[PDB]
Amino acid sequence: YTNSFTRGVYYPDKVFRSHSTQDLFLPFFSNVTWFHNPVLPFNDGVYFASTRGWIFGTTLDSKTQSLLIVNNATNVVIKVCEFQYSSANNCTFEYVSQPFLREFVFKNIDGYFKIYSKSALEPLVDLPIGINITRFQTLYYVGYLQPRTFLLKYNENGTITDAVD
Amino acid sequence: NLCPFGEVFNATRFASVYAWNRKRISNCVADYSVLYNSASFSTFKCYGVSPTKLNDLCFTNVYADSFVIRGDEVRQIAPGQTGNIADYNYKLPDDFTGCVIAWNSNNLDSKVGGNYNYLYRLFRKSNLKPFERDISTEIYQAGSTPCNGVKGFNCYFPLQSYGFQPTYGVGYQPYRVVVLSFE
Amino acid sequence: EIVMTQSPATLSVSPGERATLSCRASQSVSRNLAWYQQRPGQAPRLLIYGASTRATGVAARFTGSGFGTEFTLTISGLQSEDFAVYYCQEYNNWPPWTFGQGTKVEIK
Amino acid sequence: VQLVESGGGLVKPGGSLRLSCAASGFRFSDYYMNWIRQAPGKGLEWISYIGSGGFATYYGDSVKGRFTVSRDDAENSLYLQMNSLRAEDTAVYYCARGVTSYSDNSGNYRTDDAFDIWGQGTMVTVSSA
Ligand SMILES: *[C@@H]1O[C@H](CO)[C@@H](O[C@@H]2O[C@H](CO)[C@@H](O[C@@H]3O[C@H](CO)[C@@H](O)[C@H](O)[C@@H]3O)[C@H](O)[C@H]2NC(C)=O)[C@H](O)[C@H]1NC(C)=O
């Protein structure tokens, strides 16, 4: 399906308190894809929302490394192995912490994989994954990020309140 | 979180050279000042990374290759060298980085009557590629005549034993080794 | 001579429950421990070696953890086959290796 | 991946017996091997150990001088020799095998010594009847 929105604003990849930013953002009234589990492309970033995990990668095979996020009832596990899962070889980075309307933004820039969750999506965590990411699958609404200039109104305690395309 | 150097330099028993162990180290805050400034290590010498500036650089992965070799024989754990260890058991590249400590251990390893548990290869066909252990112990035929896989004449078991005793000299005592590798 | 003691006497749990087992060492072995399951009338079988790695033919419902002196094994979702006796043995040296005294899991 | 044992039987006190187990399905000359034992209705006890090609023999506390272990790699066979037997060592001897090396997913070339695939039993009863 298709839908429109007004949201998708996160803190502009920088942790300053206070503005205009030329970053990867989600257009306000844009086409978002209402779904009811295909392998969607990643492009440069995705907006995810739903009312329990993700698998990222390029080929999603043992030829290349792939990102894997799973949420238990008590714990979240992030691993990047050469998943087939049927076989796990290599297994470089592993992250373990508390589990994650629930809306997420994923971007993979400069070898870092950044996550924002909840508008004003607070930064959840960024990960030094250091792999290429092109296509993805959900283990919901899916949008795609666009490199456009934004204006962000901070509200005397950070907390980006309003935004302007 | 300081990654476990104490689980590699203080392990209760080390692994013989022909099957040298290995451990990968990542996601830690490792200090090499504690390693460098200890009077126990009777050898510390390394390459492209001077020991003074070890902790001020960070790599992606750090490896640790540990074994036990003869005291005299430790001169071959270095690039460009050739002999028994460097040619059949543990061979280093030419552009090596990271470095190698080796402290005497005769109080720990050798026991009266002998300690046969440390073995080293002695016969092979072709020189080892760097960082390539082999465990297969198929009998080495010393010549053209085959022997149908029996230990005998012109056929030998390729693993022979050090057999340390505390009454040996420094030229034969056991010198535990560790060989850090950097990204 | 590293004396190993398990000392839950007789575990008594109904099927479908998540039970834990204890194996306490007198000294530090710190990565060298194994867990065996010995169904009555059968030969034993290796489950965990290295205190955390599973064997080849083992389901994911067996997990073990520990380091230094305290080691534990957790069994979640018991079936009928999984009522046996369980041992732990330490091998952080050459000479004699000691087997744990073994504990039994019954049906409640 | 198949350990089959034989030679178990009945012996009188003060006699001798020679157990053996033959293995197939792997390179036998690259693995540690060693003998476990179990008294009737008690916990397992460890008894012997052999290395990678002889010249590594070790032994238990209670069988220090009575048991000789040796292996013939070429025949894919293994032997345990028992001398000057007594009566309280009745048990069901197994012949285990140790995972010599376990190359984990990344590096970790760790050398373990746990008893992976075992054999069956060979009842050995010692009594004067
Ligand atoms: C585990 O998967 C990763 C892929 O993410 C592999 O790491 C990569 O290994 C290659 C081969 O050594 C390296 O990339 C390049 O090495 C050449 C050396 O000729 C160098 O000139 C290039 O500048 C580049 O570094 C690098 O170590 C690494 N690259 C990455 C991070 O993608 C690794 O090989 C896999 N492990 C296994 C099981 O083989």
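Protein chains in written order, with the working numbering: chain A, 1 to 165; chain B, 166 to 348; chain C, 349 to 456; chain D, 457 to 585.
Built from N, CA and C at the ideal position, the CB exists for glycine as well.
Counted within 10 angstroms of its Cβ, other Cβ atoms place residue i as buried (16 or more) or exposed
i	result
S275 (chain B)	buried
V15 (chain A)	exposed
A73 (chain A)	exposed
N380 (chain C)	buried
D162 (chain A)	exposed
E303 (chain B)	exposed
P392 (chain C)	buried
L151 (chain A)	exposed
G448 (chain C)	buried
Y327 (chain B)	buried
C193 (chain B)	exposed
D230 (chain B)	buried
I109 (chain A)	exposed
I455 (chain C)	exposed
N282 (chain B)	buried
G389 (chain C)	exposed
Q22 (chain A)	exposed
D572 (chain D)	buried
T217 (chain B)	exposed
is_contact[residue i, chain D] using C-beta, thresh 7 Å
i	result
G450 (chain C)	yes
residue 305 (chain C)	The displayed coordinates of chain C run from 349 to 456. Any statement about residue 305 (chain C) would go beyond what the structure contains.
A307 (chain B)	no
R289 (chain B)	no
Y283 (chain B)	no
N272 (chain B)	no
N155 (chain A)	no
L324 (chain B)	yes
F419 (chain C)	no
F447 (chain C)	yes
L369 (chain C)	no
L394 (chain C)	yes
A408 (chain C)	no
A195 (chain B)	no
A357 (chain C)	no
Reduced DSSP category for residue i - H, G, I as helix; E, B as strand; rest coil
i	result
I250 (chain B)	helix
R240 (chain B)	helix
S485 (chain D)	helix
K63 (chain A)	coil
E172 (chain B)	helix
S562 (chain D)	coil
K218 (chain B)	helix
residue 590 (chain D)	An answer regarding residue 590 (chain D) cannot be provided, because it is not within the stretch 457 to 585 covered by chain D.
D529 (chain D)	helix
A367 (chain C)	strand
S374 (chain C)	coil
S50 (chain A)	strand
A570 (chain D)	coil
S117 (chain A)	strand
Neighbour flag for residue i against chain A, beta carbons, 7 Å
i	result
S559 (chain D)	no
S533 (chain D)	no
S540 (chain D)	no
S584 (chain D)	no
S562 (chain D)	yes
Chain B contact for residue i (CB, 7 Å cutoff)
i	result
residue 418 (chain D)	The structure shown does not extend to residue 418 (chain D), since chain D is modelled only from 457 through 585, so no value can be given for it.
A512 (chain D)	yes
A530 (chain D)	yes
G465 (chain D)	no
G509 (chain D)	yes
Cβ of residue i within 7 Å of any chain C Cβ
i	result
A570 (chain D)	yes
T310 (chain B)	no
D517 (chain D)	yes
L500 (chain D)	yes
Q537 (chain D)	no
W491 (chain D)	no
Cβ-heavy atom distance, residue i to ligand 2, below 6 Å
i	result
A479 (chain D)	Among the ligands modelled here, namely ligand 1, ligand 2 does not occur.
Cutoff 7 Å: residue i Cβ touching any chain E Cβ
i	result
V315 (chain B)	The structure shown contains no chain E; its protein chains are A, B, C and D.
**Item:** Test item, CB below 5 Å from any non-hydrogen atom of ligand 1
**Value:** In chain order, the qualifying residues are A:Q65 and A:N90.
**Request:** Please list the segments of the beta strand (DSSP E) lying wholly inside the stretch 274-345 of chain B, counting only runs of 3 or more residues, in order along the chain.
**Result:** Within the stretch 274-345 of chain B, the runs of beta strand (DSSP E) at least 3 residues long that lie entirely inside it are, in chain order, 284-286 and 324-326.
**Request:** Could I get the ranges of all uninterrupted beta strand (DSSP E) runs contained in the stretch 405-434 of chain C, with 3 residues as the minimum, in chain order?
**Result:** The stretch 405-434 of chain C contains, as complete beta strand (DSSP E) runs of 3+ residues, the segments 410-415 and 418-424 (chain order).
**Request:** Could you pull out every unbroken beta strand (DSSP E) segment of at least 3 residues lying fully inside the stretch 67-111 of chain A, listed in chain order?
**Result:** As far as the stretch 67-111 of chain A is concerned, its whole beta strand (DSSP E) runs of at least 3 residues are 76-83, 94-97 and 102-109.
**Prompt:** At which residue ranges does the stretch 468-520 of chain D contain complete beta strand (DSSP E) runs of 3 or more residues, listed in the order of the chain?
**Reply:** Counting whole runs of 3 or more residues, the stretch 468-520 of chain D contains the beta strand (DSSP E) stretches 473-480, 488-494 and 500-502.
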